[PDB]
Each structure stands twice: as structure tokens, then as C-alpha cells.
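Colleague: After the C-alpha cells below, expect a handful of questions from me.
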Amino acid sequence: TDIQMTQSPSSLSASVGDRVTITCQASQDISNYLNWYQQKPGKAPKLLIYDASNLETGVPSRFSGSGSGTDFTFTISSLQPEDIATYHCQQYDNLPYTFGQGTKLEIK
Amino acid sequence: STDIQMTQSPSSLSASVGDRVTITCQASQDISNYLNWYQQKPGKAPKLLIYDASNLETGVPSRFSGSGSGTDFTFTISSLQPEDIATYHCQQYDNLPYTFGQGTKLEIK
């Protein structure tokens, strides 16, 4: 009965300056309880956005999140080099707080 | 409140099939037992192995275990198998933002 998180796409390539758009779907209504993490090799995954739309400390304004209920979107308005990473969503409405499969970003 | 910093050790290790694997995570503040351990393989969701410090998640092999409460936590793979080669992380969920250790990458010797 775990909540199924469906994250899209699995990987994508884009150019510096480009808008990057990633989606997650929860298998049932999780209100606004969705986190977005950023992961670089050898480093701790880092939470950038929480409560679907709120930014953490030092997170630049080019990052945003939207959505409520069952459908959520993570956007990077203008891709920068330091943004190359794998991103994961996570719902924290009901335990276990399950994650999406991740999206690996790469430069074109 | 300052974000909780998880200090995970070691960063990487090599061992033989069957070996006991030991990973530790120290929290910068008391997080009671709100600590999970995940396995990360390329292209996949973080897979929950242990939750609330010491509980085995449904369907996960019993060779995976955890202990600790407060600040000092230990994760064990009692006998390393080839399918267990992966990176492992701890994560606290006592308080948003939920924060991860830096990970431990395993390899076969």
C-alpha cells in the first residue's frame, strides 16, 4: 500500500540557459507534502524545495516547485553548470515517505 | 534551528563476498530514532532498507540492520552479496529539511 511516486523523465539533456521541467505524480492525494532533492556524485542529496513550493536556504531563484494533491512540477528557469545533478521527488504525507525514480540532468 | 548535519563514515570501502559491512552516521543534534537508511543504485529511487533507526522495511533481506538512538547510529550488512554493491546513505527526518549523510560507496575487493 506504499504511495507510488512516478517521476518523469528518467534523463534529459539541455543547454546552459535552458528551462528544465520535471514532473512527479503521487498515486494518491498527498496535499502539499512533496520535497525535491539535488544529488551530485559522492555528495549528500540536498533538499532544495519542500511543501511543494518553498525554497530552502541559499537556493537560487531560478528553482521553483508547484502542485498540490497528485501532480507536481519542479522547474529550473535557466540551467547553470552547477545544476548538473540527479533530482528526486519525495512525498512525506504518509510513511514510508517514498521517492521518485530520479531524473539525471546532463549538458547537451 | 540550524539544519541537522549527518556525518557518515566511511566514504568508500572494499570488501569480499560474505564480509560484514559497517557504516556509521552521527547527527549534529539529538534526532531520537528518526533515522532511515537507503540503498542507491543508478537510475532508481532511493530504496528504504531500515526505518526509524532499527526497523527492517518490508521485503528487505534481514542481513540489513541498523541500531542507535539520539546521535550515534550504525548500519550493518552482515554478509556482503554482489547484489548489494551500491551507495548507501542515512537520512534524518526529525525536522525539515530532511538531511542525508554523504554516502558510502561499496566495492568488491
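Every chain in the C-alpha cells has a letter given in the order shown (A, B, ...), and although residue numbers restart at 1 in each chain, ligands are simply numbered from 1 in the order shown.
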Find the residues around residue 21 in chain A up to 8 Å (only C-alpha atoms counted), leave out those fewer than 3 positions away in its own chain, and share them as a count of residues only.
Modeller: 4
Colleague: Would you list which chain B residues are within 6 Å of chain A using only C-alpha atoms, as a PyMOL selection string?
Modeller: chain B and resi 44-45+100-102
Colleague: Mind checking which residues fall within 10 Å of residue 32 in chain B, counting only C-alpha atoms, ignoring those fewer than 6 positions away in the same chain, and posting them as a PyMOL selection string?
Modeller: chain B and resi 52-53+68-72+92-94
Colleague: Put those residues in a file: C-alpha atoms, as a PDB file, in the first residue's frame.
Modeller:
```pdb
ATOM      1  CA  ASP B  52      13.218   4.598  12.487  1.00  0.00           C
ATOM      2  CA  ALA B  53      16.803   3.622  13.171  1.00  0.00           C
ATOM      3  CA  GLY B  68      21.297   3.626  17.607  1.00  0.00           C
ATOM      4  CA  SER B  69      19.159   6.353  19.152  1.00  0.00           C
ATOM      5  CA  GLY B  70      19.904  10.037  19.737  1.00  0.00           C
ATOM      6  CA  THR B  71      23.037  10.997  17.782  1.00  0.00           C
ATOM      7  CA  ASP B  72      25.141   7.866  17.035  1.00  0.00           C
ATOM      8  CA  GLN B  92      17.228  12.162   9.396  1.00  0.00           C
ATOM      9  CA  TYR B  93      13.551  13.098   9.328  1.00  0.00           C
ATOM     10  CA  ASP B  94      13.229  14.611  12.822  1.00  0.00           C
TER      11      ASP B  94
END
```
Colleague: List as number ranges by chain the protein and nucleic acid residues near residue 80 in chain B, meaning an atom at most 6 Å away when only C-alpha atoms are counted, but skip any in the same chain fewer than 3 places from it.
Modeller: B: 17-19
Colleague: Quote the spacing between CA of residue 47 in chain B and CA of residue 14 in chain A in Å to one decimal place.
Modeller: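 Computing the Euclidean distance for CA of residue 47 in chain B and CA of residue 14 in chain A yields 27.9 Å.
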Colleague: May I have the residues within 9 Å of residue 10 in chain B as a PDB file with C-alpha atoms, in the first residue's frame, using only C-alpha atoms and disregarding those fewer than 6 positions away in the same chain?
Modeller:
```
ATOM      1  CA  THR B  22      29.755  -1.401   8.942  1.00  0.00           C
ATOM      2  CA  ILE B  23      28.666   2.186   8.264  1.00  0.00           C
ATOM      3  CA  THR B  24      28.167   4.869  10.895  1.00  0.00           C
ATOM      4  CA  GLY B 103      27.107   8.318   1.389  1.00  0.00           C
ATOM      5  CA  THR B 104      29.299   5.227   1.407  1.00  0.00           C
ATOM      6  CA  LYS B 105      30.161   3.528  -1.922  1.00  0.00           C
TER       7      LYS B 105
END
```
Colleague: Can you pull out every residue within 8 Å of residue 26 in chain A, counting only C-alpha atoms, but drop anything in the same chain fewer than 6 positions away, and send it as a list in words?
Modeller: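 Neighbouring residues, sequence-local ones excluded: residues 3, 4, 5, 6, 69, 70, 71 and 91 of chain A.
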Colleague: Have a look at CA of residue 11 in chain B and CA of residue 107 in chain A and let me know their distance in Å, one decimal.
Modeller: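 Rounded to one decimal, the two atoms are 27.2 Å apart.
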Colleague: Assign secondary structure with DSSP using the backbone only, and return the residues of chain A in strand (DSSP E or B) as a ChimeraX atom specification.
Modeller: /A:5-8,11-14,20-26,34-39,46-50,54-55,63-68,71-76,86-91,99,103-107
Colleague: Could those residues be written to a file, using C-alpha atoms, as an mmCIF file, in the first residue's frame?
Modeller:
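Result file is out.cif:
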```
data_model
loop_
_atom_site.group_PDB
_atom_site.id
_atom_site.type_symbol
_atom_site.label_atom_id
_atom_site.label_comp_id
_atom_site.auth_asym_id
_atom_site.auth_seq_id
_atom_site.Cartn_x
_atom_site.Cartn_y
_atom_site.Cartn_z
ATOM 1 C CA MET A 5 5.743 8.161 -6.947
ATOM 2 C CA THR A 6 6.082 8.401 -10.755
ATOM 3 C CA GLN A 7 8.832 10.837 -11.813
ATOM 4 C CA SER A 8 9.410 11.964 -15.475
ATOM 5 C CA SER A 11 17.208 11.567 -18.033
ATOM 6 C CA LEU A 12 17.445 14.665 -20.113
ATOM 7 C CA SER A 13 19.976 16.839 -21.862
ATOM 8 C CA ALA A 14 19.724 20.601 -22.147
ATOM 9 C CA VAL A 20 14.278 22.402 -17.315
ATOM 10 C CA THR A 21 10.915 20.877 -16.298
ATOM 11 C CA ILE A 22 10.487 17.692 -14.257
ATOM 12 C CA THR A 23 7.214 16.163 -13.099
ATOM 13 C CA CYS A 24 6.176 13.789 -10.269
ATOM 14 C CA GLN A 25 2.844 12.031 -9.748
ATOM 15 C CA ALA A 26 1.704 10.503 -6.441
ATOM 16 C CA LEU A 34 6.390 16.940 -1.622
ATOM 17 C CA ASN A 35 10.184 17.521 -1.456
ATOM 18 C CA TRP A 36 12.665 17.919 -4.324
ATOM 19 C CA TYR A 37 16.314 16.877 -3.832
ATOM 20 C CA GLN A 38 19.509 17.524 -5.788
ATOM 21 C CA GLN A 39 22.236 14.789 -5.874
ATOM 22 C CA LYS A 46 20.353 18.073 -0.726
ATOM 23 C CA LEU A 47 16.723 19.231 -0.255
ATOM 24 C CA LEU A 48 16.041 22.313 -2.450
ATOM 25 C CA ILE A 49 12.268 22.586 -2.317
ATOM 26 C CA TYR A 50 9.776 21.472 0.354
ATOM 27 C CA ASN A 54 9.031 26.509 -0.641
ATOM 28 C CA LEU A 55 12.762 27.170 -1.161
ATOM 29 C CA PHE A 63 14.448 26.978 -8.884
ATOM 30 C CA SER A 64 10.715 26.624 -8.287
ATOM 31 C CA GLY A 65 8.114 23.990 -7.430
ATOM 32 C CA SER A 66 4.359 23.855 -7.924
ATOM 33 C CA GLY A 67 1.472 21.427 -7.493
ATOM 34 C CA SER A 68 -0.912 20.083 -4.897
ATOM 35 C CA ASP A 71 0.591 16.251 -9.605
ATOM 36 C CA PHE A 72 3.758 18.304 -9.065
ATOM 37 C CA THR A 73 6.313 20.175 -11.155
ATOM 38 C CA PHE A 74 9.959 21.177 -10.497
ATOM 39 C CA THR A 75 11.415 23.859 -12.748
ATOM 40 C CA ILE A 76 14.833 25.357 -13.331
ATOM 41 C CA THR A 86 20.247 13.911 -10.413
ATOM 42 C CA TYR A 87 16.971 15.219 -8.937
ATOM 43 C CA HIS A 88 14.423 13.173 -6.928
ATOM 44 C CA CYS A 89 10.993 13.968 -5.556
ATOM 45 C CA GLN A 90 9.727 12.550 -2.290
ATOM 46 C CA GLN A 91 6.296 12.558 -0.673
ATOM 47 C CA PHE A 99 10.791 8.800 -3.612
ATOM 48 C CA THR A 103 15.954 12.494 -13.254
ATOM 49 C CA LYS A 104 19.625 12.743 -14.345
ATOM 50 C CA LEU A 105 20.396 16.123 -15.966
ATOM 51 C CA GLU A 106 23.218 16.474 -18.430
ATOM 52 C CA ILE A 107 24.563 19.272 -20.633
#
```
Colleague: Which value, in Å to one decimal, gives the distance between CA of residue 108 in chain B and CA of residue 81 in chain B?
Modeller: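 It comes out at 8.9 Å.
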Colleague: Rank nothing, just name the residue among B:107, B:58, B:85, B:98 nearest to residue 40 in chain B, using only C-alpha atoms.
Modeller: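 Using only C-alpha atoms, the shortest distance to residue 40 in chain B belongs to B:85.
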Colleague: So that I can check the surroundings of residue 6 in chain B, please list as a list in words every protein, DNA and RNA residue that reaches within 7 Å of it, counting only C-alpha atoms and ignoring chain neighbours fewer than 4 positions away.
Modeller: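 Here the answer would be residues 25, 26, 27, 28, 99, 100 and 101 of chain B.
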